[PDB]
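Participant: Any chance you can model this:
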Amino acid sequence: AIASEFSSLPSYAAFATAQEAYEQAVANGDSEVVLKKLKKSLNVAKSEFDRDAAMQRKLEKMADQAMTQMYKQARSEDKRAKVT
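Facilitator: Residues are numbered from 1 along each chain as shown. The structure is reproduced below:
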């Protein structure tokens, strides 16, 4: 099951459409001015990938530490909120 960090977000479809307009326009050579415009809008659209993917990467690092410490954790019977 292939699913990249941002591919699972709804905002990725807006990116995929914006980058498609760019890659199609540059491949077809329709208008040299449209390339410069769509390159600039692509940087905004692609940045949403880097933004979400950075959040998921950082969360993974912190959550991995939270799972590791749970094996080395001391034995203490205290009433805490535990989700499952």
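Participant: which strands and helices sit next to the helix or strand where residue 16 lies?
Facilitator: Secondary structure here is read from DSSP states H and E; on that basis residue 16 sits in helix 11-28. With contacts defined as 3 or more CB pairs under 8 Å, 6 or more residues apart in numbering; DSSP states H and E, the secondary structure elements packing on helix 11-28 are helix 32-72. C-beta: built from backbone N, CA, C; applies to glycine.
Participant: What is the neighbour count of the nearest residue to residue 46 once chain neighbours are set aside?
Facilitator: Computed as CB to CB, 6 or more residues apart in numbering, the closest residue to residue 46 that is not its neighbour in sequence is residue 15, at 6.3 Å. Other residues near residue 15 number 19, with proximity taken as other CB atoms under 10 Å.
Participant: What residues does residue 15 make contact with?
Facilitator: With contact set as CB atoms under 8 Å, 6 or more residues apart in numbering, residue 15 has these partners: 6, 45, 46, 48, 49.
Participant: which of these sit farthest apart?
Facilitator: Of all pairs drawn from the contacts of residue 15, the one with the longest distance (CB to CB) is 6 and 45, at 10.8 Å.
Participant: Check which residues of stretch 31-39 are buried.
Facilitator: For stretch 31-39, burial by neighbour count (16 or more other CB atoms under 10 Å) applies to residue 38.
Participant: I'm done for today, thanks for sticking with me.
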